[PDB]
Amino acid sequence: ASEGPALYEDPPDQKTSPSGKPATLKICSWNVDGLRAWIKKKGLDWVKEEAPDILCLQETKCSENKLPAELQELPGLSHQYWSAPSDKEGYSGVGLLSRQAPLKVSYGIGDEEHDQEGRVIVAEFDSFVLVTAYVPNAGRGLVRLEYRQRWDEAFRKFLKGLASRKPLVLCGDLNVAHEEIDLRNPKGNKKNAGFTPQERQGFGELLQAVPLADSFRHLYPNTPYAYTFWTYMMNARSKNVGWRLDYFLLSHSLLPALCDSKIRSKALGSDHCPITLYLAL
């Protein structure tokens, strides 16, 4: 095609806040493209090396009653919560695994229409509430784009609610590359899922309304070729022809506790790579 390799090297982990406070929380989020495939691909061994405090997973494709038994070889993340489509089938699904149990775990966004596909887990902790999300793809041919706009609004209002109570951290596959810098080929994707003006706009609305800051882009406003997903086809990863779909968005109040927002480009196991957040809470 038009694209050859574009180099990207994630900078070293900055593990102290701007006030010099060492990070006390490490959160890892990962679209795993199937819990069972991911595990087969050694996803868990990378999790152990990373040693996060909280691990959030998206697209587990796994019924909450058919969890791989390997998920018990994680003694460090022993508190495990799962949401999968209410029809009990093998698609979508998210996970949240935690060293410490949260004060409370909830599922969905309190909207029946939007709560049947196991897309959202809310884990409330002392100083903050963590949400992980697997946002509805707009669909091939954009046949799900109208629903996705419904989804975007409900979700945006629900999050706005949470944040009014506690500092918010939202992470996961938000199924949109916000701006042109967020994907390798903006020009050819303006009509495809992930880069419609509708989706880009909803991400923008999400940021101002809650409000939320894009942790990675706040720290690296001018850094290009930083992606978290590459299609399996066309040898895309190897050419770094990708999209940034995975994010950590923070309440502005958490910005002084932001140490770094990382993209683990080399970590294999899915068509997305892990992202990792360091906070000094």
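Sequential numbering from 1, following the sequence displayed.
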Quick one: is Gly110 left out in at least a third of the other entries we compared?
-> yes
Do at least a third of the other compared PDB entries leave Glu89 without coordinates?
-> yes
Which is higher on average in the deposited entry, the C-alpha temperature factors of 179-187 or of 156-164?
-> 156-164
Looking at the deposited entry, does 58-66 or 209-217 carry the larger mean Cα B-factor?
-> 58-66
Would you mind finding, among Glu112, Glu124, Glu199, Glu117, the residue with the largest C-alpha temperature factor in the entry?
-> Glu112
Among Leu44, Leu245, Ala226, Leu250, which residue carries the highest C-alpha B-factor recorded in the PDB entry?
-> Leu44
Relative to the other modelled residues in the chain, which third contains the C-alpha temperature factor of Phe195: lowest, middle or highest?
-> lowest
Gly93: CA B-factor among chain residues, third -> middle
Grab the CA temperature factor for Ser86 from the record and place it in the lowest, middle or highest third of its chain.
-> highest
Just say lowest, middle or highest third for the CA B-factor of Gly172 relative to the other modelled residues in its chain.
-> lowest
Position of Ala23 among the chain's modelled residues by C-alpha B-factor, lowest, middle or highest third = highest
